[PDB]
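Given next are two forms of a protein chain, the same chain in both, each as structure tokens and marked structure 1 or structure 2.
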Structure 1
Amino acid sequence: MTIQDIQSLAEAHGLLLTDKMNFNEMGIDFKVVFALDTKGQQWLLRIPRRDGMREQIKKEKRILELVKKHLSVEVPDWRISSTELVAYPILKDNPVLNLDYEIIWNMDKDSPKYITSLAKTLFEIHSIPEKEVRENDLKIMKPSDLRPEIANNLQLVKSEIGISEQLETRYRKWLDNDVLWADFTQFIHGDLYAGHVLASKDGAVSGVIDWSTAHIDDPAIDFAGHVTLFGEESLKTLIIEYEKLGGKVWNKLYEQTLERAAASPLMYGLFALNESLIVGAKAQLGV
């Protein structure tokens, strides 16, 4: 999309933009634009790639309104949120990392403030009450629903895209160990990793950016994005700090997280069902 097209689309929503912008396509279903308005204010624009996304946009608007109350980090403040344009003022800090693909870290990987601040944020997110989640017509998995639905995902992935025989055995084992699965499921961001976490250079986590995925689900899923990028020792430090704050853990949180992470290619496939290049990338990461 051209700058002038973007300017016109924003002007159709009463947002008057300069021609100074930069772009981000690392996202999946929306086009992202860093824009600047005629008043000097920096904006983040999310342009739906497709028509018919109204229900997702409304859902995420609800989620942001809901989580805004319960957190001490910034979240996007949607000022425009039609089916044609989502827009909010850019948040305070830049993401911990960017991806081209290739990781471009923006803070020191070993930043210790990141662990304590991230643990605080995970605690706040995971404290949000279930009645509010359900009120907002959000998806509610409960631990009884967890295992057979992941079984269904195995089913729909193996035949549709193929699965590694080793990948299949692990996933069947993981569903097997009743010990790994938590007694309790709590509201989760659902798409949480350093690329969606905003922080200063010292690693103090200022904000969380993409909330469309958030629903009540297993706690480990919020943990897994972290262990993939910072490693297992980091993860353990995060678990500790998280518990110290008062976060609901169980005896196998760490290992369940490890299994969630290992199950990345599986949930990759199932969400891919869409694009042939994403199906290609999965198929590789799965066989």
Structure 2
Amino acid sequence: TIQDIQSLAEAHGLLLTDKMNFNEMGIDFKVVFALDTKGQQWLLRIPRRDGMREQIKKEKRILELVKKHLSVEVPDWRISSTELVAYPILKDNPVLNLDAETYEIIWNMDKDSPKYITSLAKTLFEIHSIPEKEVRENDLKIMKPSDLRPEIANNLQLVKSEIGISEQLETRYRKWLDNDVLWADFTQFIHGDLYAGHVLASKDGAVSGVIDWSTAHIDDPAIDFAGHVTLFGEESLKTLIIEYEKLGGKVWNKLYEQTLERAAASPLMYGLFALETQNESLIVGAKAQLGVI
């Protein structure tokens, strides 16, 4: 009940009024939009069933680490567990969200915004500069540069044998794995699931926050550029890379070309996720993205 949730928040230190609205669009969570007794708006997440324990533990450690090194806001998980996740509403809305009924992409920001490019580049620089020693201390996954390709090769085998893959996607992924010059000889801490729907910004485009941190680890930095090129296009990605390098972002000759292969590999990564988030709904939609059907 609303009273049940009020008790939990009280049982973890937070006093809420009895006025809540519920949202049902989530896969793993139900979402509650609450209000504390002083009038501040809150976001509650209640995982549906058992399963979410290690992700909620990990994401809380990631949030506490990244806020130390970011000049923009991330969710402040004052209550954190599979009983209840609660944080105050952040300052801005995402630059886009997906309409819940149709998945039509509704944009809260001008795509051409110069300020989005410069502030996203600065945020990318800040995320990718987080020291490996600190990532190690928080027990997060660390991919070495020489492990990247065998990892993907394993991913390709597993997704092929169970979900299936179009012949054209398989040949492109193998071409990718064969193209040595595309692969950086270093890895860095990355957000892991970064695109405009996970970036909060003012209407002028200035990044004010970044959300959904549960995938963050040390990996190929191009992963954090793929979501931009998919939505903003090749020319915008080039300007982003230039602003990034201007700030001291560590680049290599083929970062642009590697980012395009990463973006094209989206079907593979989603088929990988769908195999450990078991739904007929997900493997079917992953199947279509891979050129089957």
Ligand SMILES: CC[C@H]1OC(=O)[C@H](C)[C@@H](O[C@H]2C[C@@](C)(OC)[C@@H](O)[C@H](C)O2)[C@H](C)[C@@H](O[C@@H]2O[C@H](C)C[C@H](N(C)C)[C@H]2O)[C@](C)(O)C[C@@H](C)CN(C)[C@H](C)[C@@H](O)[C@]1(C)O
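Shifts are known only where both forms have a C-alpha. Under this definition, the rigid core comprises the largest set of C-alpha atoms superposing within 1.5 Å between the forms. The first residue in the sequence of structure 1 is number 1, and each one after it adds one.
- Matching each structure to its source, the form solved without the ligand turns out to be structure 2.
- With the core held fixed by superposition, the comparison between structure 1 and structure 2 singles out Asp29 as the only member of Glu255, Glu243, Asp29, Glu65 whose CA moves by at least 2 angstroms.
- Once both forms are overlaid on the rigid core, the distance between the two CA positions of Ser264 between structure 1 and structure 2 is under 2 angstroms.
- In this core superposition, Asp110 moves its Cα by 0.8 Å between structure 1 and structure 2.
- Here the rigid core is superposed, and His13 then shows its C-alpha moved by 4.3 angstrom between structure 1 and structure 2.
- For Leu44, the displacement of the CA atom between structure 1 and structure 2, after superposition on the rigid core, amounts to 1.4 Å.
- Listed in sequence order, the runs of at least 3 residues with C-alpha movement of 2 Å or more between structure 1 and structure 2, after fitting the core, are 2-39, 274-287.
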